[PDB]
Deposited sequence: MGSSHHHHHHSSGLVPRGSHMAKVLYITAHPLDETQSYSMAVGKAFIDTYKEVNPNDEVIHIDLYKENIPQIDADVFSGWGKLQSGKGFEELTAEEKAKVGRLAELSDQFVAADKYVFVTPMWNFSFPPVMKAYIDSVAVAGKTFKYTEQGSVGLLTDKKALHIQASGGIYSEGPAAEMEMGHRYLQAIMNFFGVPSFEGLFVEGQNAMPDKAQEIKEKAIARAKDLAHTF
């Protein structure tokens, strides 16, 4: 139906155990409520196959750029290169992206990087210039991130690396709108944890009405 949305989560736990998954689920449920015709796909990076770039991938790709045909690749190469192609094609096919992550050591879980590596593809999300130009000029994106401490303000802002990275990628891809929604401070101020969660949930629902 009218827009395709990728709800992309990088968390091993669910909405009952995670600040990020709780806020993301509030967002996405509300979104669907408001845009009942839209195709909303949950991409759970912990459950799906998300191949890291490895020796097989490089081999396979080498092959393909040497004119060979997908048929010439080894089994394992086909499995991996193939999946990478599905992932990539699914990404460009969608209209909106919603990234949901916990902050682990100032950034996101490793699989989020695997996911990015799988979708950053010449001719699909960007193309090179006589630097590069992003092809995703009419997409839209949102990052929901949970963190123990505050990283929106203060000295600690300089250490934020998750959102920062995603912002860089979005820029690279030419996506003009990248929003952030943070559930921050629950670990630094645990008496405030319920309040922090509730307000983020409320912001998330509100944001869903417009995204």
What stretches of this chain's deposited sequence are missing C-alpha coordinates?
-> 1-19, 150
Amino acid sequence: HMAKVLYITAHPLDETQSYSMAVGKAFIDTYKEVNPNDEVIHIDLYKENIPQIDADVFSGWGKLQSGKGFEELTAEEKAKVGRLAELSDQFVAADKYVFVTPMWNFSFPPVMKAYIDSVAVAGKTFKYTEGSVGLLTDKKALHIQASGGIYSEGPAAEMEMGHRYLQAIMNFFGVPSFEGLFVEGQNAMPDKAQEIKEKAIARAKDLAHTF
From here on, numbers count along this sequence of modelled residues.
Selected stretch [higher average CA B-factor]: 61-69 or 139-147 | 61-69
The stretch whose C-alpha atoms carry the larger average B-factor in the entry, 195-203 or 20-28, is 195-203
Name the residue from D89, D117, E130, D95 with the greatest C-alpha temperature factor listed in the entry.
-> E130
Could you check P176, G180, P51, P36 and tell me which one carries the biggest Cα B-factor in the deposited entry?
-> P176
Could you look up the Cα B-factor of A122 in the entry and say which third of the chain it sits in: lowest, middle or highest?
-> middle
Lowest, middle or highest third - CA B-factor, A156 = highest
Could you look up the Cα B-factor of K80 in the entry and say which third of the chain it sits in: lowest, middle or highest?
-> highest
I8: CA B-factor among chain residues, third -> lowest
